[PDB]
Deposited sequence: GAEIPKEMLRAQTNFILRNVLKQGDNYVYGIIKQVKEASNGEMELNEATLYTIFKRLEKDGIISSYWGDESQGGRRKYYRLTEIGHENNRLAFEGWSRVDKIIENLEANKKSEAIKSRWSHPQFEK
């Protein structure tokens, strides 16, 4: 149940949200609550902190509309490599199980 694994799962979900296009912090929370049948309510302050860190890192930018955030060009590449990485993970997991079988 380690906190580094819960955080990786939460990062993966945020990555998929920002993949869709521009969003704002309360809209993200709304979307994840509905898509998780209520299981998962992201804390708004935590979300701002993560985003401030991503913004400082050039991964994310923002503009006023409500503040909206969107992936930068560096952010979109970081995301593509992250999803490509998970696809290879998925494929490696299949071959390891076929190899055992």
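In sequence order, the deposited-sequence ranges that have no modelled C-alpha atom = Deposited residues absent from the model fall in 1-3, 69-75, 112-126.
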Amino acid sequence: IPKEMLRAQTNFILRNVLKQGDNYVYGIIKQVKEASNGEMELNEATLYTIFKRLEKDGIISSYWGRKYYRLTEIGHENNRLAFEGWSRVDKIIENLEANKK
From here on, numbers count along this sequence of modelled residues.
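Is the mean CA B factor in the deposited entry higher across 87-95 or across 8-16?
-> Higher of the two, by average CA B-factor, is 87-95.
Output the stretch having the higher mean C-alpha B factor in the entry; the candidates are 21-29 and 73-81.
-> On average, C-alpha B-factors are higher across 73-81.
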